[PDB]
Amino acid sequence: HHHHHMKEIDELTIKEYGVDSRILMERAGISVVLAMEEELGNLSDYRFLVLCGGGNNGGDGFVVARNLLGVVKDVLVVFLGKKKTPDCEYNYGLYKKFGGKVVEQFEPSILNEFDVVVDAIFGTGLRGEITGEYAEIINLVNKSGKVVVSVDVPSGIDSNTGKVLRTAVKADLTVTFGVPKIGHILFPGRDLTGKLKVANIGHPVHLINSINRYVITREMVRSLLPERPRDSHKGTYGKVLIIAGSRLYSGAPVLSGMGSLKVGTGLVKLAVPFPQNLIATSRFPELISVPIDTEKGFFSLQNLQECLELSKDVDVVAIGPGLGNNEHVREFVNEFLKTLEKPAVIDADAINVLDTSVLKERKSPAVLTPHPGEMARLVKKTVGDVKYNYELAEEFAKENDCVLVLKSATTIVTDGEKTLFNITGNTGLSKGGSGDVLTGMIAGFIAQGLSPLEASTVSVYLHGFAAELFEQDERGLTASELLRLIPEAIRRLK
Amino acid sequence: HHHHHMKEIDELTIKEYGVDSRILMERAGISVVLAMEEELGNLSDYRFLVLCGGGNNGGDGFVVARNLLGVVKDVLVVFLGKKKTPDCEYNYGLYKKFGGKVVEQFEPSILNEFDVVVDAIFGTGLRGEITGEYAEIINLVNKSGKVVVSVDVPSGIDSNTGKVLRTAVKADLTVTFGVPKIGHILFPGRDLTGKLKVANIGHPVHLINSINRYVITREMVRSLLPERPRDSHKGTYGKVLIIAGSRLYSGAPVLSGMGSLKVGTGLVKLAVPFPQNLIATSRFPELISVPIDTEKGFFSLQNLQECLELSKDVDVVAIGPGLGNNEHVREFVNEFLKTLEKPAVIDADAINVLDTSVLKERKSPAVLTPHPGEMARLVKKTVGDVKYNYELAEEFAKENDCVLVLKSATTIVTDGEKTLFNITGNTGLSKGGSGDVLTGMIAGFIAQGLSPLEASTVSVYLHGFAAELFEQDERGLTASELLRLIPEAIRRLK
Amino acid sequence: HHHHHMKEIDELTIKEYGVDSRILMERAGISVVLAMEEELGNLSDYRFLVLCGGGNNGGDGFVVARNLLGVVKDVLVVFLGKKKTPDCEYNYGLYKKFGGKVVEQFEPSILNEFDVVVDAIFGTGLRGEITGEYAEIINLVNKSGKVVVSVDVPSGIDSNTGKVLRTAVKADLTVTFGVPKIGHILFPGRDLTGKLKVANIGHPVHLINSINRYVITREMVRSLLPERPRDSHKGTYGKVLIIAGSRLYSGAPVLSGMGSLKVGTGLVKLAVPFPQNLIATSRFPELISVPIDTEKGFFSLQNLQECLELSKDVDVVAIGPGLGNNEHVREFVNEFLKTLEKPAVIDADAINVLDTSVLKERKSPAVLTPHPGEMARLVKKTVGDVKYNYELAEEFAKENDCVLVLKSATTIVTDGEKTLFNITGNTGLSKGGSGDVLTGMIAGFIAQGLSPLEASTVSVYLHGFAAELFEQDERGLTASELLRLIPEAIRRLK
Amino acid sequence: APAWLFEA
Amino acid sequence: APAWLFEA
Amino acid sequence: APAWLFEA
Amino acid sequence: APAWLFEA
Ligand SMILES: [K+]
Ligand SMILES: [K+]
Ligand SMILES: [K+]
């Protein structure tokens, strides 16, 4: 049994394993204290304002406050609720019995006499937009310039989606319990989380591991990287065909091809309309760039047979970067994919012309790599409806029997059963050519023997990690430099 | 007189030079002890399990065991044979007289109480597949995670071929006597050897030097590198013509040409079908890239005369990379080589279309550089029958009066009389374009005055050494980066 | 059973353990080669002249020579004997069969064409003075300025005594087999040995450990240093009385006392004639320096009772440094020691007046610490007869039931059953006051619980080691600076 | 890196 | 210090 | 590098 | 030195 939420995990740990809810709440609060100390150093000179709601997030806040008593310069709780859950009441009682001061009125000037704000207003129990007293207070904290530490989730972020519910706390440090929440991973939530620490508060480890949606980590990618046996030859490491480019878009094939080669693929062949095919070997003569005779500079049905022939002697086919999107391309792409009995990595213009019926009838696997504009056009929805919409991505992958790689600052990788989130990268990747590289990487890892899902997982991590290794300002990163950085990213991963 | 085997060398050292066999056996075992100390440091805290067979490998093992007595934490011999050779019996007797414990029953749990396994089961006397008790024991050692030290050859490797005879020990350190064996050099044996130390155990040095098959060493390549007299001009350093490329394979000529230039050749000219010839000077304008007018993008008999004319003013001709392999190419390649009175380096598609009769009738020398798929097609055998088959390579070179460079992780270089093995390189070379570079290097060294065999020897070493100098993960190495690394490999060799 | 000599050890290893004598001889020679390489680096550029006698030392030399053939620049053996032992004949035969050149005539100019001389003329088989051809040759080698490496013992040194038998080789490096010989340890032999390496050549380890005369090593002294339990008080670490000094020799008590304190003794009291007792606390106020009222500035029988009273409350008594040596001192010393029922450390003037009958009748233990002049006067022999005479020292210790510490550059420590040799120190210790310090150290270690033999062993090692730690030229070392260095010597020993 | 309490 | 062969 | 005993 | 949890 997998478990979508910490709510189910908490309940089981209490009701079935028998851990008192108060023990979990104590472990949560002391983990916030320890995290603060790792981040601020010695706490003894700081004055803390702890903002508590009436739920168990506020209860966690009372634990924090009580544990700082007598050890820091000052502690004050502002209790912002109208009533208290039983564990919140218990820890409120402890805090007062230990000598702690609580007020129920928030005075704007109160921020002046404190150094650190502990945000324990709302956690996973947030429901609906924040207004009123709560909102004014959150807005005052965000204008204050103080150090902000959020308990579980910054108040105002929907922990299931990462959306802001009218307004939300911007934290320097967020301490979350058991596992990261989706709202720490997706934006805008990811941005408001600041530095995220995930604390073990005593849940059984197999329940924590029962979660079906994961952040892609360095350790996970290290274990998936294929082996390089010494006694090998190029065929050991697979062969990729890339069907890409047009008279309009001559550069895309080059970036995709080198993306396959830089991740260790043995042989890469491009099929590109003549004379644009010669661009590729002029820059990188280790590529094979086959000239395709076209009528007007674009792939059409007249090239169907030659592409299928070239596919026979490769392991994987990538298609789409720079193809263009007119009727002749659409007929070619769909007839080709319908007939191709090899794994396919489908990107860019091949997605824009794709008939999703074709995916349903394919026996061989596929990875699709849309950005949200492409995904939107693919399922006929708005960009705002598909962006960071992991449930829709899962549904699409399951219904069409593919892996879907929905690119954004956080990239979602899913086969419909398992969903992985990638958080490596930076804004240098928000630039033409970046996606073309990733397409090559994925096809390359598939050719080397990784499953479509594994190939996609490793590729999105390494593509973002390579961007982070760029030595100058990220806004100056281009795809050609990203390519150069891939082998360093691989070395560092090991 | 040359001597194929250590068996003949041992026999002569005993029977003709008069060294007692027991003195050789003592020198063998103490060399294992010293090697272990270099590799592990101080031996005194380790517990050693020594696995001895009934032959002289086991005898060597008894020497080892006896020499550890009283100096390490524990020593135990498991004697796995049914009888003992006379030297094995002698050293078994010494081991027991010195207080040593021997058991004849192997208990799986015995691995638990030891840190180092000394594998003295089978050496060069292995005959046939390993089964039974022997196999279970080897399989238990390979699952144990202990430090493994093999005496002479890891048990289970055929010392003449490097093949595994059903199962074999995977060693961390192999100590071999007199000379490396072929089974340390060729895979899979090379992989199972781990770190190899070659110990002098007292054979006369001229017998050791009488071996006719050698590993290519740094010192050997240093002594062969041509001189660069200060008062020189480009002609001093030779001229190469490369006949390469096609409308399909435009990059190969470029890699081959720069391979010649990076090893110090004075002038390199390519002949490449127009307009693919312009790819080369667009990347590297120091190349001459002559346009050849072809009918359909491939060399044919119509280009015979022009190529022969271009050959007149060069020292060496390389042919084959990216030519394609159709009937018109086959007629051109064979008529050209039949008529060319210059040394030829024959690679890739020129090998695929080669009529070996043509090699027999050539007055001028040739080097052929196949990978095993190409070699297989060339002699009409299976890849598995030609791979690492040095005897077949020798026979081919002798029968066709050429140098054969059979590329693999260990590359075999032979003229039929002398055979050299190259062990430099890594899996970054298992990628399209790598071979094209090597072809250029060989032609370049020939043009500078090295014999075909010497040129091939130096080139395979430096090509692999350049790969090892790549600064990031080897799987990201491409041919363009290999080219950049060649001059550093040369500097380091000096 | 203990074994005085390597001769008995070799014989047992051959005749009872069954190791062929030729295997021992091969192991000996290869150990010389390895030792030379550690000391010279790569041997390949050097020319070696090996001087072989007709015994097994020369046989070892033939092993060396043969093992250098084909690996170094040149090897020549000069065979200086009239006949050969069987193992020498065997290895002479091997050397020639391997291509080696032997001459039987030594030409003075021959030294000119070589870099290293390997001295394999005489080892432990030397008997009587060296004359004739042998002597001229040894004298020529010592005038040559070449690097000299001696096999087992430099030729001309008596391996049992360290004496030179008319003339002897001065070696840069001596490689000896199994154990150091007495002639490497005692002077002049110690000086002619140069750097000494002791090689394991395959003797059973328990036979090697059966030797009854040992060099005192760092590891041995580390294991004997007493424990310092944290919950302790000064009494834990013992109390020493020092009976020392006179109107003539006021400084000795001070050096002895501080010697006890610097090795960790808990309480030190001196008894010194008034007003000389005040010298001690003026320099080191942590000492107790009791004033003894004397008639003329020396201890006499009138002080007997007071000294015996002071002895009651201590663990050990040191007596002698600076007492003077007249009749009244002699009566006091002998009556005191006859009556004292505590361990005694007897030095300097107490030795000069000692009636050895008193040692025979004492129930309590004693350590005596003479230099050879004092030992000579004590047994009524010449200095030349007692100097480095370990057999006489053993006989004395056994007959008088004491520990004898015979001080010289190599110090001999013996109880008559076990004899230890100390080689730490330098010529800064050849200076008044050095011995006074050592006396204090010994009494201090006894007071801390070490046996007289253990105390003496640790003290002679640390006293010499402290001298070596002096930072400026050794000839400037004084006893006051030696005291300061003791605690650093202790720290370094751990 | 000790990670009983925190995953980064 | 490895000392199978030599004691210094 | 001293290599009387071992070639690497 | 942060000492909320431990005094040395
Ligand atoms: K919160
Ligand atoms: K073996
Ligand atoms: K000697």
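Worth knowing before you read on, the calculation uses all heavy atoms, side chains too, and leaves out hydrogens, waters and symmetry mates. Below, chains carry the letters A, B, ... as their sequence lines are ordered, and counting in each starts from 1.
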**Report entry** Heavy-atom contact with chain D under 4.5 Å, split by part of A:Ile201
**Finding:** neither

Quick one: side chains of residues 462-470 of chain A, donor-acceptor pairs under 3.5 Å with protein atoms, not counting sequence neighbours, listed by atom name and distance.
| from | atom 1 | to | atom 2 | distance (Å) |
| --- | --- | --- | --- | --- |
| A:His463 | NE2 | A:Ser434 | O | 2.9 |
| A:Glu468 | OE2 | A:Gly425 | N | 2.8 |

Suppose we count any N or O donor within 3.5 Å of an acceptor, strictly below that value; which pairs fall between chain A and chain D?
| from | atom 1 | to | atom 2 | distance (Å) |
| --- | --- | --- | --- | --- |
| A:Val198 | N | D:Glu7 | O | 2.9 |
| A:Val198 | O | D:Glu7 | N | 2.8 |
| A:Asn200 | N | D:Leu5 | O | 2.8 |
| A:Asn200 | ND2 | D:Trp4 | O | 3.2 |

